[PDB]
Amino acid sequence: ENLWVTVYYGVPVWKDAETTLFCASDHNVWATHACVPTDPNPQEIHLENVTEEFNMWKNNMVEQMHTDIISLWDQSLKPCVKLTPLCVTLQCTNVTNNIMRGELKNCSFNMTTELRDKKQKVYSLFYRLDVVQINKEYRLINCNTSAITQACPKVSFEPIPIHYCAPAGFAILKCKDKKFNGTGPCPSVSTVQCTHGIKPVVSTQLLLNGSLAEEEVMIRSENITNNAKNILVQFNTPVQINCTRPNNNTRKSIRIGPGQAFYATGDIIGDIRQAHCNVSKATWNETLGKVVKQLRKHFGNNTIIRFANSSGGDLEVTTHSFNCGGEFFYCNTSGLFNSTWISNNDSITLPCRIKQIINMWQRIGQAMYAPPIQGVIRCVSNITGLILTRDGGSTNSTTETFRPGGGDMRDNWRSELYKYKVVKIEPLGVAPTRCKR
Amino acid sequence: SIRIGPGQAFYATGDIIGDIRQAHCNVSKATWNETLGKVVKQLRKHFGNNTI
Amino acid sequence: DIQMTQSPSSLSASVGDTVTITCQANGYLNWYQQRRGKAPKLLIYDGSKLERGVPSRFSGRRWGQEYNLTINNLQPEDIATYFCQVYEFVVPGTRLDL
Amino acid sequence: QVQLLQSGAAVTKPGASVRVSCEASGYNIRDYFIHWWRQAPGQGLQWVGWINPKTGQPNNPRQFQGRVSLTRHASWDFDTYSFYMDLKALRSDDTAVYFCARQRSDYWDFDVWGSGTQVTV
Amino acid sequence: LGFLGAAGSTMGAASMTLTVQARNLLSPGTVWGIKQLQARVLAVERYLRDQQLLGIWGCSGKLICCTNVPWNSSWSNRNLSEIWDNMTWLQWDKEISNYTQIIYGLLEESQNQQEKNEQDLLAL
Amino acid sequence: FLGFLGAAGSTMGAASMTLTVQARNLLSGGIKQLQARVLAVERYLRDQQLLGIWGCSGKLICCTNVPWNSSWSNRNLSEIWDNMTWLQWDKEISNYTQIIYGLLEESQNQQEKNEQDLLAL
Amino acid sequence: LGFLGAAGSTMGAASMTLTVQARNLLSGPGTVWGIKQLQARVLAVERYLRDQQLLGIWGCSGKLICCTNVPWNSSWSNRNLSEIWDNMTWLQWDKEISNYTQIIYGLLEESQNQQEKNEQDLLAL
Ligand SMILES: *[C@@H]1O[C@H](CO)[C@@H](O[C@@H]2O[C@H](CO)[C@@H](O[C@@H]3O[C@H](CO[C@H]4O[C@H](CO)[C@@H](O)[C@H](O)[C@@H]4O)[C@@H](O)[C@H](O)[C@@H]3O)[C@H](O)[C@H]2NC(C)=O)[C@H](O)[C@H]1NC(C)=O
Ligand SMILES: *[C@@H]1O[C@H](CO)[C@@H](O[C@@H]2O[C@H](CO)[C@@H](O[C@@H]3O[C@H](CO)[C@@H](O)[C@H](O)[C@@H]3O)[C@H](O)[C@H]2NC(C)=O)[C@H](O)[C@H]1NC(C)=O
Ligand SMILES: *[C@@H]1O[C@H](CO)[C@@H](O[C@@H]2O[C@H](CO)[C@@H](O[C@@H]3O[C@H](CO)[C@@H](O)[C@H](O)[C@@H]3O)[C@H](O)[C@H]2NC(C)=O)[C@H](O)[C@H]1NC(C)=O
Ligand SMILES: *[C@@H]1O[C@H](CO)[C@@H](O[C@@H]2O[C@H](CO)[C@@H](O)[C@H](O)[C@H]2NC(C)=O)[C@H](O)[C@H]1NC(C)=O
Ligand SMILES: *[C@@H]1O[C@H](CO)[C@@H](O[C@@H]2O[C@H](CO)[C@@H](O)[C@H](O)[C@H]2NC(C)=O)[C@H](O)[C@H]1NC(C)=O
Ligand SMILES: *[C@@H]1O[C@H](CO)[C@@H](O[C@@H]2O[C@H](CO)[C@@H](O)[C@H](O)[C@H]2NC(C)=O)[C@H](O)[C@H]1NC(C)=O
Ligand SMILES: *[C@@H]1O[C@H](CO)[C@@H](O[C@@H]2O[C@H](CO)[C@@H](O)[C@H](O)[C@@H]2O)[C@H](O)[C@H]1NC(C)=O
Ligand SMILES: *[C@@H]1O[C@H](CO)[C@@H](O)[C@H](O)[C@H]1NC(C)=O
Ligand SMILES: *[C@@H]1O[C@H](CO)[C@@H](O)[C@H](O)[C@H]1NC(C)=O
Ligand SMILES: *[C@@H]1O[C@H](CO)[C@@H](O)[C@H](O)[C@H]1NC(C)=O
Ligand SMILES: *[C@@H]1O[C@H](CO)[C@@H](O)[C@H](O)[C@H]1NC(C)=O
Ligand SMILES: *[C@@H]1O[C@H](CO)[C@@H](O)[C@H](O)[C@H]1NC(C)=O
Ligand SMILES: *[C@@H]1O[C@H](CO)[C@@H](O)[C@H](O)[C@H]1NC(C)=O
Ligand SMILES: *[C@@H]1O[C@H](CO)[C@@H](O)[C@H](O)[C@H]1NC(C)=O
Ligand SMILES: *[C@@H]1O[C@H](CO)[C@@H](O)[C@H](O)[C@H]1NC(C)=O
Ligand SMILES: *[C@@H]1O[C@H](CO)[C@@H](O)[C@H](O)[C@H]1NC(C)=O
Ligand SMILES: *[C@@H]1O[C@H](CO)[C@@H](O)[C@H](O)[C@H]1NC(C)=O
Ligand SMILES: *[C@@H]1O[C@H](CO)[C@@H](O)[C@H](O)[C@H]1NC(C)=O
Ligand SMILES: *[C@@H]1O[C@H](CO)[C@@H](O)[C@H](O)[C@H]1NC(C)=O
Ligand SMILES: *[C@@H]1O[C@H](CO)[C@@H](O)[C@H](O)[C@H]1NC(C)=O
Ligand SMILES: *[C@@H]1O[C@H](CO)[C@@H](O)[C@H](O)[C@H]1NC(C)=O
Ligand SMILES: *[C@@H]1O[C@H](CO)[C@@H](O)[C@H](O)[C@H]1NC(C)=O
């Protein structure tokens, strides 16, 4: 035959590569105003006979998303007020309420005013977690570890979806296969213009909102024999969680300086109650039944899989931390993570503390002061998954214990970008053909 | 470490443990001379042969 | 689960002789040397890879489930406790004796 | 360089509470889990449990659950870390040497260990 | 079939659909801004490198293009009868990911020789 | 030398002589300026890619095999080339542009597969 | 001979290694290096596209060596063929015609426009 080289351009082939994806979405911290207006009709092309070796636990999309979310948070906190004069002695009386314990302190402090040579005298209802003693003298918890800046007032913390679109010459492969664990060859692959609607929801111990699986509860771990690796559970049916702060709060403006305003909890117009989150009892029970079934799939059919509440740590990890309407909740999930499963309209109310001084993305030196939110606040969210850690030293003696997970916040992105891979097209190709010039 | 403010530190010398001595630099003499010899031999090309 | 099985608790070997302590295990296996109540030191990380600063005589090979820990040109200093570890599980180590 | 300095030997009565400390310095402490091991006299090593230095979350077996407590304190200036292990309900079995080991990688390849705090009830 | 639709289809079936892949290769004030700019510059540079590689071989402005270089059997010992019917482009790339550089150099040298020969022929 | 856009108000017969003058000025040259330059480069590459997809690569005036549908414009050759400018004609085929572009793409596709069939006999 | 290897070679011997210089024309603030290097990359892309557009405007698109109908004016260089392609190098030759480059470029553009017009009229009839 004596075939010769023939060059084809536009060949449908690709190789694994890492690139910077750009956001497209249809005020808030995650600036979607400076993002591409997403096209109304997504282009989803089912690639038949293609099997792709996915690995969600080494996805660079997750790292890029985490870096982008942190950078957006810093960018939103930068161009507005910093609360440097607040770190002073706070004479804190107990609140008027006749009694949880001292959860609200009144805290009168001398403060700066517009004229430097003059000092005023204000007060602000702080929380117990935001003040540490130094019998009546207190100080903000962040004083000896971090520089605090005020979370910026008009800016909202409400997540809205953002799509991570790959640039030209790159493609995103979605794994449409159901019952697909994180690693291995996905046989059902599609090419998409951009990802689904991904809401950045910061949370620990419970993945709120987000996607909702397809067929069954999915347990995914980097290695199920490793305790140091967290287990991400994705539900096939959401669990409705109704959260509320019931205190009605009043926001007072204080002038700490020229053009700078500090927002304080001036008063509680109403009755001092404890914030909480309700989870349906029967729904959570059935959900945990599905979870223990899928875990017994991994660990054998004769293990007494029991769940237990989180072991100690920072407050961001021991309790289900999240943000609801601007107020940062930390919910004691000891009622959720209980019970001991064996081989065969009532609600669970979780008492949530609330914090204003926040250290995000596992950092110190950059502390944030969420302003008080006026009025009562209520949220309705979907528990669609869990982060779990398994107690080590089983010694093949069954009775595996699973406690809720930590605040890495890359595991939170891994529950959304598990099915997505980024590839680079290599259109140039050379083949043999009887073609000749 | 001296805390000057919230999250800000000022690293300051506290104590010299041992005798208070003087910083210095040692240069070999037998090397630095004849290194200057080479430098002088190459400068005399530009500035003349009988120059001091 | 994790199953571990090690060689008998005491092997006697002279200087210049090669001894292999086999350990059958499922999972990433690491070899440690513990010297007379002192803290262990990582000889072998993963099945066959050498920690930095460890003597070149130390070596290992993985076939199937068994890891042999081949040591060439045994010396009086190397005589100490040796053990294999996968994750959180540690066997009671053997002890070279000379 | 990388170093994990332990505390001195402790002697406690039965039923008392003992604390062993491990000051870690010389590297990025926040990235590597700090595991605690317990060598009984003459027996093999046991796994007290690991602690994350970023979040403070410990992980201990069923045997040590309810008694042991792994805490971490990051001293200001971010110059050192101090990992503490507290045992609450000591008995005759806790006579042992406690080591603090740095888990470098997913292989659990502990390359740096502490000096070893011997406690005897 | 859309963009990248013929990735699973046979090579001959994708020869007629090369155009849609070819079209979809071009398309700090904010965190998105500078990163999008760098991505656009990278895409432009990759496209121009591909076009320059096409033009240096004499295949400028053509998706399909014959070349004078002989298909040396050392690169692949295989029969044309079943490559275009029972193979996909990804597998083919996997076999010959290792000799692309020398083949490209041979194409460069052959087109340089062809251009020199055309210059000599047009001289007289 | 009329200059840049100088033949914009003259008829097409004199306008087609100065195609190079307006073609040259499409590549004359903070974050905003860099974005503008990148967008200009991308627009030029889009135009050249459109030309190359129709087989008109490196050709200002390129003849093609696509027939002229009478529905696009009912006028005659002399009226088109000697009465109106390019701007009026562009206003006169504003909504028919995408169909003509697609037909050119399909025609060049047919041409290249025909060429490959012919050369590989 | 590698990149720029035939610089001291004669014009004829350097015409055989046009590819090795063609490839190296395209081989390559948040931080100090970011914005300026990105500007340099955009400038390199712009220079390459200006060169390619110049080649296309003369009809030499996609060709490393391309002939044209423009006659060689004797005023540009009185030297003969042998003493150009066997005696001098490309650097010296570019230094010689450094004034006359723009006039030659204009003549090439005019000639290609005239050729395109003649081809269009010939194809029309
Ligand atoms: C999971 O997704 C849920 C939706 O599927 C989230 O629930 C919704 O969350 C918002 C949180 O505020 C609530 O919707 C409205 O809230 C606003 C208050 O915010 C507006 O007003 C302030 C100033 O007044 C302004 O700055 C903001 O930009 C907003 O415009 C009220 O106007 C309304 O009453 C309304 O409640 C809902 O509670 C809730 N929507 C529902 C149930 O339809 C949920 O928060 C997500 N979970 C997370 C983030 O963990
Ligand atoms: C996980 O669940 C366990 C068991 O439900 C929780 O342990 C409980 O922790 C509280 C708060 O520290 C203990 O109360 C304390 O007890 C003594 C008086 O006995 C006193 O020192 C304090 O005033 C305080 O009331 C409580 O005894 C303890 N319960 C048990 C059975 O040990 C644990 O807090 C939960 N951990 C989480 C959510 O991280
Ligand atoms: C989790 O880490 C474990 C190691 O702790 C990895 O297990 C390894 O898995 C591979 C793939 O199944 C095993 O190799 C294969 O099996 C047998 C030998 O057992 C033999 O047919 C072949 O040699 C073949 O490679 C391997 O033995 C096993 N162990 C080790 C120490 O590498 C596991 O891949 C990790 N990942 C996950 C997602 O579980
Ligand atoms: C916090 O304490 C302040 C005083 O430090 C309280 O404000 C005073 O309340 C009394 C009783 O109603 C009034 O007579 C005063 O005029 C108030 N203002 C002052 C002294 O500035 C305030 O009510 C307390 N807030 C709580 C418990 O939420
Ligand atoms: C929370 O408290 C605010 C006042 O701090 C309440 O707002 C008042 O509502 C009444 C009834 O509609 C109005 O007459 C008043 O003018 C409002 N006061 C202000 C200052 O706006 C609000 O209704 C309370 N919310 C709840 C849920 O009880
Ligand atoms: C989280 O909730 C659990 C369950 O309510 C709390 O455990 C209770 O602790 C109190 C003292 O704080 C005891 O009086 C109760 O008997 C405990 N309940 C049990 C053992 O069922 C736990 O303390 C809470 N965690 C916090 C507040 O951090
Ligand atoms: C959270 O709050 C929901 C309303 O926002 C509750 O839904 C209720 O459901 C039925 C109708 O389906 C009615 O009884 C009622 O009007 C209300 O809409 C939901 O139950 C509640 N969930 C929990 C766990 O408390
Ligand atoms: C004030 O402080 C605490 C807050 O919990 C409360 O228990 C205590 O009774 C109060 N002390 C007084 C009134 O002296
Ligand atoms: C304010 O400063 C005064 C002295 O001017 C001091 O006595 C008092 O304790 C300070 N604090 C408050 C809350 O008044
Ligand atoms: C799940 O992953 C394991 C290895 O981690 C593999 O054996 C199994 O086949 C995977 N599931 C698939 C491919 O559906
Ligand atoms: C609900 O939990 C109870 C025990 O608490 C058990 O009897 C029941 O079977 C559980 N339901 C499911 C669906 O597992
Ligand atoms: C957890 O379950 C136990 C019984 O197993 C019960 O006594 C305890 O109160 C529960 N804890 C809660 C609801 O916090
Ligand atoms: C929860 O999920 C359901 C679908 O399961 C969806 O319709 C709803 O919007 C989600 N959000 C809530 C209740 O906030
Ligand atoms: C400088 O110190 C080195 C050892 O570091 C020594 O060998 C050398 O002689 C010294 N040079 C001097 C004193 O000039
Ligand atoms: C330096 O070296 C030169 C050349 O050897 C010699 O003449 C001179 O005396 C030396 N200078 C001293 C030892 O000071
Ligand atoms: C700041 O002081 C608090 C007061 O209780 C203490 O817990 C914390 O360790 C200190 N932080 C430092 C020294 O970084
Ligand atoms: C591969 O998929 C294509 C369509 O994408 C189809 O024509 C072909 O038949 C498939 N392969 C097999 C073996 O069915
Ligand atoms: C070239 O690459 C292939 C595919 O990765 C590899 O198996 C082979 O050893 C390499 N060498 C040759 C000479 O083919
Ligand atoms: C403008 O109109 C006149 C009308 O006579 C015509 O001759 C001329 O060519 C037109 N165009 C220009 C550019 O002057
Ligand atoms: C194209 O059609 C639109 C109506 O859809 C009309 O307004 C416009 O003038 C037309 N353009 C032409 C004929 O050039
Ligand atoms: C340099 O020029 C000489 C003649 O002067 C020639 O022989 C030699 O080959 C040239 N070297 C090159 C082009 O590398
Ligand atoms: C321009 O041409 C003149 C003669 O006309 C010549 O002397 C001069 O060297 C040329 N310029 C350059 C820069 O070589």
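Residue numbers (the entry's author numbering), protein chains in the order written: chain C, 32 to 57, 66 to 138, 150 to 184, 188 to 309, 312 to 323, 323A, 324 to 398, 411 to 503; chain E, 306 to 309, 312 to 323, 323A, 324 to 358; chain Q, 1 to 27, 32 to 91, 96 to 106; chain P, 1 to 121; chain D, 520 to 546, 567 to 663; chain B, 519 to 547, 572 to 663; chain F, 520 to 547, 567 to 663. Idealized CB from N, CA, C, for every residue including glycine.
Across which residues does DSSP place residue 498 of chain C in a beta bridge pair?
-> C/36
What do you get for residue 271 of chain C, buried or exposed, if any count of 16 or more other CB atoms within 10 angstroms of its CB means buried?
-> buried
Who are residue 261 of chain C's beta bridge partners in DSSP?
-> C/449
Can you tell me whether DSSP reads residue 38 of chain Q as helix, strand or coil?
-> strand
Enclosing beta strand (DSSP E) for residue 91 of chain C [first to last residue] | 91 to 94
Within 7 Å (strictly less), CB to CB, does residue 580 of chain F reach chain B?
-> yes
Relative to the alpha-carbon of residue 16 of chain P, which residue among P/115, P/98, P/105 and P/94 has its alpha-carbon at the smallest distance?
-> P/94
Residue nearest to residue 635 of chain B in terms of C-alpha spacing, selected from B/519, B/613, B/606 and B/545 = B/613
Within the region 602 to 657 of chain D, note down every full beta strand (DSSP E) run reaching 3 residues or more, in order along the chain.
-> 603 to 609
When every heavy atom of ligand 14 is checked, does at least one fall within less than 6 Å of the C-beta of residue 332 of chain E?
-> yes
Any chance the CB of residue 616 of chain F is under 6 Å from a heavy atom of ligand 22?
-> no
Could you give the residue range of the beta strand (DSSP E) that holds residue 84 of chain P?
-> 81 to 87
Which first and last residues belong to the beta strand (DSSP E) in which residue 503 of chain C is found?
-> No beta strand (DSSP E) contains residue 503 of chain C, which DSSP labels as neither H nor E.
Quick one, which residues of the region 257 to 290 of chain C are near chain Q if we go by CB-CB under 8 Å, in chain order?
-> 278, 279 and 280
Give me every residue whose Cβ sits closer than 7 Å to any heavy atom of ligand 4, in chain order.
-> C/132, C/134, C/135, C/156, C/158, C/173, C/175, C/322 and C/323
Cβ pair residue 57 of chain P, residue 367 of chain C closer than 7 Å = yes
Cβ-Cβ distance between residue 423 of chain C and residue 213 of chain C below 7 Å | no
One or two residues paired with residue 51 of chain P in a DSSP bridge = P/34 and P/58
Answer with yes or no whether the minimum CB distance from residue 371 of chain C to chain P is below 7 Å.
-> yes
Find out if the Cβ-Cβ distance for the pair residue 117 of chain P, residue 25 of chain P is shorter than 7 Å.
-> no
State yes or no: is the beta carbon of residue 394 of chain C nearer than 7 Å to at least one beta carbon in chain P?
-> no
Could you name the residues of the region 68 to 80 of chain Q whose beta carbon sits closer than 7 Å to any beta carbon of chain P, in the order they occur along the chain?
-> none
Would you say residue 329 of chain C and residue 420 of chain C are within 7 Å of each other, going by their C-beta atoms?
-> yes
Would DSSP call residue 221 of chain C helix, strand or coil?
-> coil
Listed from N- to C-terminal order along the chain, which residues in the region 588 to 621 of chain B have their beta-carbon within a distance smaller than 8 Å of any beta-carbon of chain F?
-> 599, 600, 601, 602, 603 and 605
Compare the beta carbon distance of residue 499 of chain C and residue 34 of chain C with 7 Å and say whether it is the shorter of the two.
-> yes
Backbone CA spacing between residue 82 of chain P and residue 114 of chain P [nearest angstrom] = 12 Å
7 Å Cβ cutoff met for residue 259 of chain C and residue 449 of chain C = yes
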